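Each reported figure results from applying straightforward, stated rules to the coordinates on display, with no laboratory input. A quick note on method: Cβ atoms are made from the backbone with ideal geometry, for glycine too, and the neighbour counts reach across all protein chains shown.
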Amino acid sequence: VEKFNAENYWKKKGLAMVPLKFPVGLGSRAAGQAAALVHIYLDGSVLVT
Amino acid sequence: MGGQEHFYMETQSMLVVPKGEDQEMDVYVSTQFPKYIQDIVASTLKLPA
């Protein structure tokens, strides 16, 4: 890219690198609570929500 | 001893509504036994319950 930019006046290249620390979590324990409901019918099939 | 008509004032009545996804059917029916309706409809359609 440095080589290119030394040889080209009206077109330039660039490169960048950025790192990531992305934390995950909500404000309280209560905000992270979660629930489900599961049925098993007599033919063995399952309905979940 | 003679027989007898049930003579419920609401006659036999139902509405069967396919959702259009995964062969899901919803059955709105005047019955005393929903689980049995679910079985005979699923069986008839060769679907899980």
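Being within 14 Å of another protein chain (Cβ to nearest Cβ) and either β-branched (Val, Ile, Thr) or part of a loop (DSSP other than H, G, I, E, B) (or both) narrows it down to one residue among A:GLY44, A:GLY25; which is it?
A:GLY44
I need the full set of residues from the stretch A:1-22 which are part of a helix (DSSP H, G or I) and surrounded by 10 or more Cβ atoms within 10 Å (Cβ to Cβ), in order please.
Result: A:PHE4, A:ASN5.
Within the set of pairs 6+ apart or on separate chains, which have a first residue in the stretch B:23-49 that is within 13 Å of another protein chain (Cβ to nearest Cβ) and of a type in the set (A, V, I, L, M, F, W, C), a second that is assigned to a helix (DSSP H, G or I) and surrounded by 13 or more Cβ atoms within 10 Å (Cβ to Cβ), and C-beta atoms under 7 Å apart?
Filtered contacts from the stretch B:23-49: B:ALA49/B:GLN38; B:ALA49/B:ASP39; B:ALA49/B:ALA42.
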